[PDB]
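Note that the protein sequences, when read in sequence, are chains C, B and A. Note that the entry's author numbering has the first sequence beginning at 26, numbered continuously upward. Note that the entry's author numbering has the second sequence beginning at 26, numbered continuously upward. Note that the entry's author numbering has the third sequence beginning at 26, numbered continuously upward. Built from N, CA and C at the ideal position, the CB exists for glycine as well.
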Amino acid sequence: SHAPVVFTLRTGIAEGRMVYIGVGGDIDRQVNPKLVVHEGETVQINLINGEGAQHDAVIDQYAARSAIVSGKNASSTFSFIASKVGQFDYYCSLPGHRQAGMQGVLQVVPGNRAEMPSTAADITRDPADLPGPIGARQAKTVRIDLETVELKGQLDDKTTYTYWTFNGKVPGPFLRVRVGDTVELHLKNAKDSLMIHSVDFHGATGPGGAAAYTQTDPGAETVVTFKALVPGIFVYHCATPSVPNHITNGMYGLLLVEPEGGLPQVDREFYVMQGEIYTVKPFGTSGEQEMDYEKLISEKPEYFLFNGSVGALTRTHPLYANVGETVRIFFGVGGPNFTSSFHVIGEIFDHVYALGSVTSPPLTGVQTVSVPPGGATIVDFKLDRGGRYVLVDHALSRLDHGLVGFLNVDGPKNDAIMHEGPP
Amino acid sequence: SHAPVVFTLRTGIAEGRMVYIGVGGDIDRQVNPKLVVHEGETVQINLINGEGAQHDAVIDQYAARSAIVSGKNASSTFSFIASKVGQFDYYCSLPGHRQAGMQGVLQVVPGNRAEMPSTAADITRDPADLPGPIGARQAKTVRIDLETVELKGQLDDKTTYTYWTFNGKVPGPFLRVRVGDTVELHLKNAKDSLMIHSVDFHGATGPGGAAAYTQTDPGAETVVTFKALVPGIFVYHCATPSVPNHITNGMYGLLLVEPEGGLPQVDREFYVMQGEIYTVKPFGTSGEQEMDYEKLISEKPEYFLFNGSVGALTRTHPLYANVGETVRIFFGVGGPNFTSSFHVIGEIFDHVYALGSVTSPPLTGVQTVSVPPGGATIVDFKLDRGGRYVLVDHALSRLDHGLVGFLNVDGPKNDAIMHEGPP
Amino acid sequence: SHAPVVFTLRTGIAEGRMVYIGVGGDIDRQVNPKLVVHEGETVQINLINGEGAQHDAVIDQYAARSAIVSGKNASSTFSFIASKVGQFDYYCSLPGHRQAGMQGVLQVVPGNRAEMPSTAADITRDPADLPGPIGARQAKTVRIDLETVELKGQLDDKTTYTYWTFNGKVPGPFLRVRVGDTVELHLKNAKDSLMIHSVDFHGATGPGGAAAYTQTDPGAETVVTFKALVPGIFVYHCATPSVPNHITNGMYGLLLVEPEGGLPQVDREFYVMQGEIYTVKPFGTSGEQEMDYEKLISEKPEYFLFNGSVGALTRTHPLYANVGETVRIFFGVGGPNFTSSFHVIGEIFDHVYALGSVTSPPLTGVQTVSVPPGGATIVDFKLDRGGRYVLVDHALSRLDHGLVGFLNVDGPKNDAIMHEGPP
Ligand SMILES: O=N[O-]
Ligand SMILES: O=N[O-]
Ligand SMILES: [Cu+2]
Ligand SMILES: [Cu+2]
Ligand SMILES: [Cu+2]
Ligand SMILES: [Cu+2]
Ligand SMILES: [Cu+2]
Ligand SMILES: [Cu+2]
Ligand SMILES: [Cu+2]
Ligand SMILES: [Cu+2]
Ligand SMILES: [Cu+2]
């Protein structure tokens, strides 16, 4: 699995004993916590040395253990599949440590993990929620309506956040026009907004990429007109100070200006954007999460996200396709600060529109592409066979801050292209 | 304005009251500070929860307010245009907090902010200070003279730093030759230098890119000859240990090696380089700033700068051009550590010379290009209309460490490419 | 030299006197430590102000000195060539400070520094250790054997670390097949492994890029068959959770799928991968280094390495080539988290295979290329002349965490391409 269930234990002294102490999640600060797991789940346990004696963790029945960690902060992660139901001791095997208190239970329960009923609006943009290709057609005047909306959203299972959005979702509406078009932009800022909002389009030519004409008071509306002079895949974002603050809170999206021919036909298109959120409390903390200004200006986020939320493209709104389809992903980074090393595990990019150029010839046969903040690209590939394909930033520590996504494709396990055993 | 006046407030207990406390700038550690602002200026207020009670900041006559912030370190920023002259109360709206002492005054003064008289040397290279296109001509021997100079310089309004430079400015002189040219380089280390200085040209072939031949004692001169074998836009930099130290202090420049044809004809060329400075005290602290080794080797800078200084390309040496003109920016990253997401707000790159290749086809219709430390690129675009165009690193938290520049182009606010109402 | 001997001194109060205190390496916590150096070494001294009085460091016989550091954490670094054998005082020139105790000895000893005798296995891959170009030949079944081995490795001179590897070295085996080939992969997990291991190939099509078929218990074997459908230079890595943990401990390599025509003829090929290691104690600490989870998940490493170790490509297994040879470097980033700015000091890349595409035309005349984690590229250049050419990540603070390599080429100092003095 690429969604392991994760527990963090720090060694320490508590309740008059030498113990394991739970760190974050549902086990924060509990001593020798019960690790509750569902049958068939992959379990990851991170052991961190708290007080500076030698330690490990061992679960006899799964032939699983950490390495021995010796000094303060020394760490060892191990994993296994929870294949047998029942109750199992995790313990420290160092002389005396089990007797002295270093012992807890892993409970493997039958059936599938139930999802926590949500407490706030779903702010996640479905990756299929974009307009299809524009027909061949003359250049013309297009009216676009955006509303800036401030609202609490479901950031994770049991954690909320005050998002700022275009039309109550992250990313914002996928905008699709043809080069030469005249865009009539209307920006309504909701009555219940505390902040002024605006929009800079990277596909617009003139002051602030429209920001100078879109500074909108709450309950007010701006109207601006601009020509789409250049074909490309452009990120748009709020441009009201603090711009980094407006971007982290959710105010980014993509503007496709099709070239005259349109893009090469493909069977299926998807909308994906990466960003960071900068919270006071670390990744995995339950409750209302709040923004930490010191962490934002110092570029030290706690969440890395596809389309606004943890589980956005795994649990709530994943990608779906059929064997033999050509797939296109519009992938942009709102940021505000981090470059994505975009990759799909189990696939290779047939075409990569380098630096989001739609007019230059695409690069071919590419594993991984750098996309900067305030940049996008286009990738396509043919699905030659079935699987769960995984979208990642290949700076892979971002898996542990919520950045993973699923492309689900129905096919047999084994075939000519990849199979168990020899040829 | 894309240069808002920024104030940071931490809530706390001080002078026997529950108060706002100034953080950085002119208001550092003052309780309930007076925020002084000039008519028309954009004002940004950063509120940070200090002691852990619920707080906001409210200014009534501007219908401006932070969000409510609950736990320690929780934060909200808000902004507005200081369109109204006089004195206005900023205060906390939570039951009792204003009575308990959470109140200060915003003073809006008529007229424009006067410039601070400078303590130290202007070390900013004018972006228009470069030699123009070489004619067509035969390859030949070219003499180049560099001087390595240690001098105190104006990092910011009230703040100085010890710069290490090529010829007293940052970046160093723009060197321009043709492929085939034999370069006769004279490097003179000034008598009053403490340090050995040198140079490595990324456009030279041989040991240390000339560094092995140019290790120059203070008060001495070395001479080195090298052939420009490959066309490109190259960074040069000091190559005396510690090389990161000599770079952060400002010893970086660009060398253009023109291809046979020369580069395409353009109306106007500009010289811009990005670097970092690693100071003991945070961004905005007045006085002599000093270098912090721990922050240098761990890649934690306080300043992100175009051409040496805060306000380099906004206040003291901004960029000027006329509507209808095609513009080329030679953009390099001295670094020493951070990759730039280079972008011009309100413009699109007609051409981007990928990884600084002068011989491969440029990519077309690009919003944003990654440039690594020790790398450079060329961008160009036609100025279809007038406005303030803004050079940024689209890692936009670097806005709050000094990274912003202006390209000023005279023209009407409203026109066919972007305008106020509908069509 | 581009590998200086480095000493850090913090000023403070110890043993009843105002003194210098050693930081890190052989001098950690020693007062006025003896700085022992071999004749001809380049010496870098980092002064850090500890207690807040004014300090410098002066060595009279070498005309060498720091600048004056005033505030706590204020830093100045200086360098010189230890050209003179004997004992030289380093001392603070501020009034009284020398008399108050700020004085130590620099000892310069004749002859070269002996290498320290290792304690653990050599785990660095020789950059020359790769199979050469495959003939022209028909597509066929190729069998590959990989063994996952956990073992202590010589990380630095007197520091060790528990590495996880493919076949006992970092990077893993260079895999070379022809496009159209069928790969029969055998992965054996050694009996003495604590952990499950696996492999994902970025050049395989299907679930986990083979990870879904290769989750192998200790003392077990897995077998998977897959078709090489795309030509490219692909990273492969372990894909057992924690994937970031498995990668940082050393489980990455390169798979070249040759195109039918082969890569261009070249005189000499090399294998180089860049990674990070996240240790509890800082770079330079002797003894057993252990893994720091908190540093891994927050992207804050202590070691930046080519091919597994400090000195990997300078002392133990450097690169050798001859003047006039065309050279190819296959360069990959295992990571797990940092984008490399790959540069060879003294050279310029004739060709850069952008995003590791082997089917799109290579870019020409490039100084420096961004390679993401889980990305790879090919550079080639002609060696016109002799020198030590230096492999670096141009994020040059990484010089101070172990990231440097040597390409040694026998030839004269002075020729027509680069010489001392004028024409
Ligand atoms: O295979 N990439 O995580
Ligand atoms: O050439 N720079 O390391
Ligand atoms: Cu124990
Ligand atoms: Cu906004
Ligand atoms: Cu932008
Ligand atoms: Cu209050
Ligand atoms: Cu220098
Ligand atoms: Cu360099
Ligand atoms: Cu002193
Ligand atoms: Cu592994
Ligand atoms: Cu991968």
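Interface with chain C (8 Å Cβ-Cβ cutoff): A:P142 is excluded. Excluding the 5 residues flanking it on each side, A:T273 has same chain C-beta neighbours closer than 7 Å at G300, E301, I302, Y303, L321 and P361, in chain order.
With a cutoff of 7 Å, B:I370 counts as near ligand 5, since its C-beta is closer than that to a heavy atom of the ligand. Along the region 306-322 of chain A, the positions whose C-beta sits under 9 Å from a C-beta of chain C are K306, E313, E315, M316, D317, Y318, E319, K320, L321 and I322, read in chain order. Residues of chain A whose Cβ lies closer than 7 Å to the Cβ of C:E372 are, in chain order, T230. The contact set of A:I221 on chain B, defined by CB atoms closer than 8 Å, is empty, because the minimum CB distance reaches about 34 Å. An exposed status is given to B:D435, since fewer than 16 other beta-carbon atoms sit within 10 Å of its beta-carbon.
If the five residues before and after B:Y186 are omitted, its C-beta is found closer than 7 Å to the C-beta atoms of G178, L180, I302 and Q314, all from its own chain and listed in chain order.
Boundaries of the beta strand (DSSP E) harbouring B:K177: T166 to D181, taken from the DSSP string. C:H222 has its Cβ nearer than 7 Å to a heavy atom of ligand 4. Between ligand 6 and the CB of B:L72, the shortest heavy atom gap is not smaller than 7 Å. By the criterion of a C-beta distance shorter than 8 Å, C:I73 is surrounded in its chain by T33, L34, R35, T36, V48, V94, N98, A99 and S100, once the five residues flanking it on both sides are discounted. Ranked by Cα distance from B:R201, the options B:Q128, B:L176, B:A253 and B:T241 are led by B:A253.
Excluding its 5 nearest sequence neighbours in each direction, A:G287 has C-beta neighbours in its own chain below 6 Å: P158, listed in chain order. A:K109 is positioned such that its CB atom lies no closer than 8 Å to that of A:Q128. For B:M298, the CB stays at least 7 Å from every heavy atom of ligand 7. For the 8 Å CB-CB criterion, A:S422 and B:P269 form a contact. The beta carbon of B:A379 sits closer than 8 Å to some beta carbon of chain A. Note that the region 321-334 of chain A does not touch the region 375-382 of chain A; fewer than 3 beta-carbon pairs, one per stretch, sit closer than 8 Å. Of all residues in the region 337-371 of chain A, the ones placed with a Cβ closer than 9 Å to any Cβ belonging to chain C are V358, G360, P361, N362, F363 and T364, in chain order. Interface criterion met: the Cβ of B:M443 is under 8 Å from a Cβ in chain C.
In terms of Cα proximity to B:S334, the closest of B:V404, B:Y414 and B:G430 is B:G430. Contacts between C:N71 and chain A, judged by CB atoms closer than 8 Å, involve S267 and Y318 in chain order.
At a Cβ-Cβ threshold of 8 Å, B:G205 and B:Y328 do not count as neighbours. Residue range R293 to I302 is occupied by the beta strand (DSSP E) that includes B:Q299.
Between ligand 5 and C:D151, a heavy atom-to-CB distance of less than 7 Å is absent. As the crow flies, the alpha-carbon of B:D375 is around 7 Å from that of B:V391. Here DSSP, grouped into helix, strand and coil, assigns C:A39 to strand. One thing to note: C:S91 has its Cβ within 8 Å of the Cβ of C:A82.
Here B:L210 is actually not in contact with B:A401; their C-beta atoms are around 19 Å apart, not less than 8 Å. Check the Cα spacing between A:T389 and each of A:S395, A:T207 and A:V377: the tightest is with A:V377. For A:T273, the enclosing alpha helix (DSSP H) stretches over residues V268 to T273. Chain A places no beta carbon closer than 8 Å to that of B:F32, leaving this residue out of the contacts. In the DSSP assignment, no residue is bridged to A:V255.
Going by beta carbons, C:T341 and C:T149 fall inside the 8 Å limit. Considering only B:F105, B:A337 and B:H80, the residue with the shortest C-alpha distance to B:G121 is B:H80.
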